Amino acid sequence: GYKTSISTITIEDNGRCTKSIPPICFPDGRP
Numbered sequence: 001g002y003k004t005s006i007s008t009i010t011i012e013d014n015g016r017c018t019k020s021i022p023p024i025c026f027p028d029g030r031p
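The authors' numbering applies: residue 1 is where the sequence shown begins, and numbers increase by one.
Right, dumping it as structure tokens:
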């Protein structure tokens, strides 16, 4: 589901580190 290619639909973001649970520098997060 996560697009590798950047897509600034409103804000610029991709990969990096999550700002929620679980806090990890991986493209995965719990809703």
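Each residue gets a CB set at the ideal place from its N, CA and C atoms; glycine is no exception.
Using a Cβ-Cβ cutoff of less than 8 Å, which residues in the same chain neighbour residue i once the five nearest sequence positions on both sides are dropped?
i, result
"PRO23", "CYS17"
"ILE9", "none"
What's the gap between the Cα of residue i and the Cα of residue j?
i, j, result
"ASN14", "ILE21", "16 Å"
"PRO27", "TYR2", "7 Å"
For residue i, which residues in the same chain have their Cβ closer than 6 Å to its Cβ, ignoring the five residues on either side in sequence?
i, result
"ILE6", "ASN14"
Could you work out which residue in the options is closest to residue i when comparing CA atoms only?
i, options, result
"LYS19", "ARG30, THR10, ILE11 and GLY1", "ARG30"
Keeping to the same chain, check which residues put their C-beta closer than 7 Å to that of residue i; ignore five residues upstream and five downstream.
i, result
"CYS25", "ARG16 and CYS17"
"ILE11", "none"
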